[PDB]
Amino acid sequence: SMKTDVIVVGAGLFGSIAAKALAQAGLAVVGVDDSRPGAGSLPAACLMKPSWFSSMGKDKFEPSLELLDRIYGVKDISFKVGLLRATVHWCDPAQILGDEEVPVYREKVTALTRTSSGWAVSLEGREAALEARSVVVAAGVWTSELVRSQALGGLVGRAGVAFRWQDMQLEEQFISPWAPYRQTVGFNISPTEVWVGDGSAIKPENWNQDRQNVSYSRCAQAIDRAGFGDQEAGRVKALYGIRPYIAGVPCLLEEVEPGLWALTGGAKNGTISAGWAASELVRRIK
Amino acid sequence: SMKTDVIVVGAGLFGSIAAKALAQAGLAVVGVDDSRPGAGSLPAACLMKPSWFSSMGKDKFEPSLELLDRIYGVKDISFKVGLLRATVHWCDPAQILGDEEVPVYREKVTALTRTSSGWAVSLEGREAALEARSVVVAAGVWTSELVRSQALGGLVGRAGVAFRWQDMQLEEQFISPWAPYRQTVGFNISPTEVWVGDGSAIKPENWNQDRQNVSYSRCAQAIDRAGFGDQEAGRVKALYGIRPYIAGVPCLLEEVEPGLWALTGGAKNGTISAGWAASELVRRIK
Amino acid sequence: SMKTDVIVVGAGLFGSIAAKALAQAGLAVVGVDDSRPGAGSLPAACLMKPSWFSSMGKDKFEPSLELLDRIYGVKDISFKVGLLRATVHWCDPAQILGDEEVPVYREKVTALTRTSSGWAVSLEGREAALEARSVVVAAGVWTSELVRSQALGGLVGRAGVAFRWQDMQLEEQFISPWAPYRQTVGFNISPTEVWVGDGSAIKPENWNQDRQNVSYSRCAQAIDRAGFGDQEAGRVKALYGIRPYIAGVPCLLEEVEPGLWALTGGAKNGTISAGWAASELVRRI
Amino acid sequence: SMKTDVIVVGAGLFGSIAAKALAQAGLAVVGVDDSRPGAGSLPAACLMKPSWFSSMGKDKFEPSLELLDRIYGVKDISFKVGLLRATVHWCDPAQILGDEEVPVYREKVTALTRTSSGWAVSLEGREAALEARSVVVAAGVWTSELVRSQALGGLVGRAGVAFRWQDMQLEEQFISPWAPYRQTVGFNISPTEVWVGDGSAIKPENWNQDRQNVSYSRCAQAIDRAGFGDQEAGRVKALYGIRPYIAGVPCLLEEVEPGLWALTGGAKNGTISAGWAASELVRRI
DNA sequence: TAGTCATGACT
DNA sequence: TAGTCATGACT
DNA sequence: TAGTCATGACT
DNA sequence: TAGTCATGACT
Ligand SMILES: Cc1cc2nc3c(=O)[nH]c(=O)nc-3n(C[C@H](O)[C@H](O)[C@H](O)COP(=O)(O)OP(=O)(O)OC[C@H]3O[C@@H](n4cnc5c(N)ncnc54)[C@H](O)[C@@H]3O)c2cc1C
Ligand SMILES: Cc1cc2nc3c(=O)[nH]c(=O)nc-3n(C[C@H](O)[C@H](O)[C@H](O)COP(=O)(O)OP(=O)(O)OC[C@H]3O[C@@H](n4cnc5c(N)ncnc54)[C@H](O)[C@@H]3O)c2cc1C
Ligand SMILES: Cc1cc2nc3c(=O)[nH]c(=O)nc-3n(C[C@H](O)[C@H](O)[C@H](O)COP(=O)(O)OP(=O)(O)OC[C@H]3O[C@@H](n4cnc5c(N)ncnc54)[C@H](O)[C@@H]3O)c2cc1C
Ligand SMILES: Cc1cc2nc3c(=O)[nH]c(=O)nc-3n(C[C@H](O)[C@H](O)[C@H](O)COP(=O)(O)OP(=O)(O)OC[C@H]3O[C@@H](n4cnc5c(N)ncnc54)[C@H](O)[C@@H]3O)c2cc1C
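About the criteria used
Residues numbered from 1 in each chain as written, not as in the entry; some residues may be left out. Chains lettered and ligands numbered in written order. Heavy atoms only, no water. Residues with missing side-chain atoms left out of burial classes, pairs and counts. UniProt positions renumbered as here; feature names shortened; annotations may be inferred. Near = heavy atom within 4 Å. Polar contact = N/O pair within 3.5 Å; in protein donor to acceptor, adjacent residues only side chain to side chain. Areas by Shrake-Rupley, 256 points an atom, 1.4 Å probe, with all protein chains shown as cover. Helix = DSSP H or I, 4+ residues; strand = E, 2+ residues; numbered from the N terminus. Nonpolar A, V, L, I, M, F, W, Y, C, P; charged D, E, K, R; others polar. Domains from an automatic or database assignment. Contact = heavy atoms within 4.5 Å. Axes fitted to C-alpha atoms, helices over the stretch in contact; angles between N-to-C directions. Parallel < 35°, antiparallel > 145°, perpendicular 65-115°, else oblique.

In the PDB archive, X-ray crystallography is given as the structure determination method for this entry, at a resolution of 2.65 Å.

Under the PDB entry, chain C has the name Flavin-dependent lyase and belongs to Pseudomonas phage PaMx11. Here chain C is described in UniProt, under the heading Catalytic activity, as follows: "5-N(alpha)-glycyl-dTMP in DNA + A + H2O = 5-aminomethyl-dUMP in DNA + glyoxylate + AH2".

Labelled according to the PDB entry, chain A appears under the name Flavin-dependent lyase, originating from Pseudomonas phage PaMx11. UniProt, in the comment section headed Catalytic activity, describes chain A in these words: "5-N(alpha)-glycyl-dTMP in DNA + A + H2O = 5-aminomethyl-dUMP in DNA + glyoxylate + AH2".

Set out below in structure tokens:
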């Protein structure tokens, strides 16, 4: 058997950041993710704008930004917001979700049982189960499939799409508001790629290719690529993901049973919300 | 183990000056600085103008100038201010930040622990930790990451920029006022380089390349170099740095625990307040 | 110093129907109503279409129609419903709300107190209080202002309007559906008047003259009176009223405290529910 | 030698409503108000919009509206908001502040002394003092000059102005957004007067004639009267007032000493929060 | 005394 | 949210 | 299948 | 504060 300090279930932004924070504070951590489709972290750009996250309180952002700048590096980007300019914090999403410091098993967690020395995680098709003292369940919108709670009763999914163009760079990165609580954001996510999203947040059963095409046109029109059929040519990739939401939430970080944590509910401002949860977990586990 | 009389954390203006003042007082001193980007001392000119610093009081600027002249040499510069002339005190920043009398470990202080005698400076990646009877933390705007206090709760950063032209000298060194509390200052910092800065002090998150360009255009126009593309030609270097600022302080010099000092907040009038604090450390550390 | 068998608070359809039923069952009954505006019975047509009331069950609608036909008389009207025809039961609202067998005090009930003998109905501006062994509070959407049970906590109002044109008669009476659960109804409510309504049920606070005029024009178009400026001529009278509604209840008929009953929530299907609740009150009092 | 049940200091909205509520609950109440300028009730329109007051909770606003409609009458007004319509509750300010049921001494309360039977209210320039078992201080922004609790330590003023045009009526009453979270409100406060306000709430010491003219022009433009020179023609009256505000409190209703109450802090949602505090005072005195 | 720069509330 | 006021500090 | 209405969340 | 999105009961 595998016996470690911490097992993190889920390797999206929340499970990645929480595990690496624990590993970089000295703990032995192992991750498990079944790479299921629809994960909300795949389309993420990891943009963190003060205006979007200030509702948290200085008690929460600066703890988060220090963790991210220390562990990953927070680069600041200035976006064209109208004629004025606004600065947005950024972590490279490929850097967070690609970091390999914490080993990650590509298995599906089937059960979570407590033992004398702590918790035991069961995996489909494996009579063996992993074991650790502390377990973090950061399974996004699927967290209510492994952990139960009152807060976990409000867990719902709000899906969205982002588009990444290859071999392209924007001379001006922008945030263009088009509706209440909705803004089209375009920027260079890589030195060779452009990411655009309009903030659409819809229940996955109400999402469809036609509603996705409306968001493609809004995003494509904003970088003047509408009309060229870039999707069918393989020049743009459409990125779909389900964001976890629990009304009445920055996110849900609750010790459901002694030693078993649930981390989900990050909705829109997730990278910053994950840093807080990681700061709090390294504070409460170390 | 390393065991010394004094360990100074930080080798910007404050830690360089304090360490060297303490060494010249007979003490065995060692320094630790991780050369993280954005330090507020790198764009510094070390100009000390009485109209700017006399708010300090004769009780403080006079010991400060005596220390600085004894250790480094205070040269006087005659500046053109409009139709008048003003003399500004100066120390060569290359001489203060380059002095090698105090050896400096290029490491990151991770913790400061008390031991039976003295303090233990813990460093990333080193199972061994440094030790001295007294520790001075001159970590600028990061001082509150290692030391905690009531005063240190107001520690903030005020960023600014200066421009250093290569292979150039000014026939007239000048101070040209452009706004309340604001003046553009140009002079020869070296026999081959011209330094210009406008005094802009912004919260680092509100700084951007467009905000920097207003300060470049102001500074270039002051030496008739705007329009010639000196930046893209590599003829001028832009120097960005974060000043440590605390509302309500010449600077902050406080013994947080017996033998543990915090030294920061020297945003306004830094070299002169650093000379004062160093004069005080020489008197109060045995 | 007045002491009777039953005091019925509220003289709308439910309080009128229950009081008169109790009076004819032998009991000495008196009513109290402050004639406050917005009462839900004023626009009422007392139309009862089987399709609308069948959900309650024959165990309830059959007693109600028996009580109503005994006391008031139930008439059948044939309505044009599309290409088909349908029969609707009817009681004259002027006969139910105008009946004088039970006298009615025109005062506002301010409180309901228990006494050695029974319940005491306190009246605004009068130190004397009315007294009866039983009190039935049929106060429409205001019943929760005098009785404070749990069920009455969901009591809300669903407002609507009906229009009565004067000196007019319809050769064809109709139920013409225009949206899900919504139909415009025109018929002869009197031998000299036409009554029209579209079934709109809006929260009273979200009601306004623009929304009322949308219901007027829907109703005028249904009787070919749009274009004639009937409103500015004073040819049509607008009748606004708040229906009492409680989710999960034909209506609420509950003895909250001994001898103290709450009767409300009859939303749409009020006359048939009022006949039912009165049948039970005649049995239980 | 005046001795009553309750003495209410302050005759703006909070003391007016509380005094009249206590008087109608059987208590003998008198008021004292020195008619000092800058009171926050003079520019008041007594508009109560659910979107603004629901943060209070049904447990407070519904009791409050029941009291106001019982004592004064709550009218509903439909306002044009954008292309939509919204309902706002209303009480006539002339009815609340002009009611004469509770007599009001026009004197300045200079001190509050405890006596064996109750509290003694001293009046400037007057040797004798009034006395009552309970005293409510509803002194708006000056309440902390007579009661010195810790909560009253945050009592500050938020000034504003409203404009009443004479011999004018609006065909459409409106709430027009002019910035995020800022709206100009226009309506007919009387059958012969139009009231307009823009909701400006400023530290009283930063108010001046120039800043007032900015609100006059915003309000005049909103009713298409900019350019007619209504101010210098005497056709519009400017009404300046200080709202009492305490950060962290619907309003402050506290029994500071046995029988001595403080009632203030109703800057946002004043008439409705005064209705709530009055319901509680009738319950607790 | 002014312009610069920041912070907070938000019918 | 975003976007507009309001308020205050401060080579 | 559908059209109201109402009620709240919402970088 | 406005448009977008969800939910639920309904002559
Ligand atoms: C269009 C779009 C744009 C976005 N933009 C931004 C942005 O600008 N900035 C930002 O910070 N965030 C952004 N996000 C991210 C947003 O914050 C999401 O809420 C965030 O990705 C939540 O990630 P998570 O780790 O909570 O969930 P997920 O990424 O869904 O992680 C859950 C993981 O759990 C695994 N898992 C679940 N159940 C099991 C199981 N039983 N066994 C094993 N593994 C399991 C899944 O495989 C998955 O990898 C964006 C998202 C979208 C869709
Ligand atoms: C544009 C500009 C112009 C200026 N002009 C002048 C001028 O004309 N005259 C003047 O006197 N001053 C000037 N200054 C300087 C100003 O006074 C600054 O306040 C001063 O440099 C502050 O220096 P410091 O030593 O406190 O901070 P810093 O120089 O930032 O020193 C802090 C040091 O600590 C190190 N450090 C931090 N944390 C750790 C850790 N955990 N472990 C190890 N090392 C650590 C950092 O690497 C850094 O070197 C200017 C500054 C700027 C930006
Ligand atoms: C547009 C429209 C169309 C309708 N069509 C029909 C139809 O076709 N068929 C049908 O059967 N019904 C119809 N109705 C009526 C509907 O069924 C109502 O639900 C019914 O009228 C409810 O009546 P109620 O007696 O329960 O309430 P109300 O009629 O409101 O009676 C309550 C009475 O209590 C009084 N009251 C309240 N508080 C006090 C107090 N403190 N003191 C004294 N008195 C007090 C009020 O003055 C009022 O008179 C219609 C209603 C409307 C608005
Ligand atoms: C521009 C504007 C618009 C408004 N619009 C509305 C609206 O739409 N709806 C609404 O409900 N409200 C509105 N208000 C009112 C707001 O709610 C006020 O906060 C409210 O009027 C406060 O009432 P109060 O009774 O506490 O204070 P005030 O009316 O100020 O009453 C205090 C009274 O105390 C008296 N007093 C004080 N000290 C003494 C003393 N020592 N001796 C004797 N008398 C004394 C004063 O003379 C004064 O009469 C508005 C106000 C303004 C300025």
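1. Some points on the site of ligand 2
All names here are of chain B. The environment of ligand 2 is formed by 36 residues, the closest being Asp33, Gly40, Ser41, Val109 and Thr271. One of the backbone N or O atoms of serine 35 is found 3.4 Å from an oxygen atom in ligand 2. One of the backbone N or O atoms of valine 109 is found 3.0 Å from a nitrogen atom in ligand 2. Burial of ligand 2 by the protein amounts to 95% of the accessible area it has alone, namely 1000 Å². Elements that contribute at least two residues to the shell around ligand 2 include exactly α1 (13-23), β10 (155-166), β14 (236-246) and α6 (270-284). In terms of residue class, the shell around ligand 2 is built from 19 nonpolar, eleven polar and six charged. If you count residues domain by domain, the shell around ligand 2 takes at least three from each of domain 1 (3-78 + 89-154 + 248-284) and domain 2 (156-244).

2. Focus on the arrangement of the chains
If you rank the two pairs of chains in contact by how many contacts each has, first place goes to chains A and B. Regarding chain A and chain D, the two do not touch, and the least distance separating their C-alpha atoms is 11 Å. The two partners chain B and chain D share no contact, and the minimum distance between any of their C-alpha atoms is 24 Å.

3. Observations regarding the packing of helix α1 (residues 13-23) of chain D against helix α3 (residues 58-71) of chain D
Residue and element names in this part refer to chain D. Direction vectors running N to C along α1 and α3 enclose 75°, while the axes themselves pass 11 Å from each other. By the angle between their directions, the pair α1 and α3 is classed as roughly perpendicular. Where α1 abuts α3, its residues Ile17, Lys20 and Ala21 lie against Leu67, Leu68 and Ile71. For the contact of α1 with α3, the residue count by class is five nonpolar, no polar and one charged.

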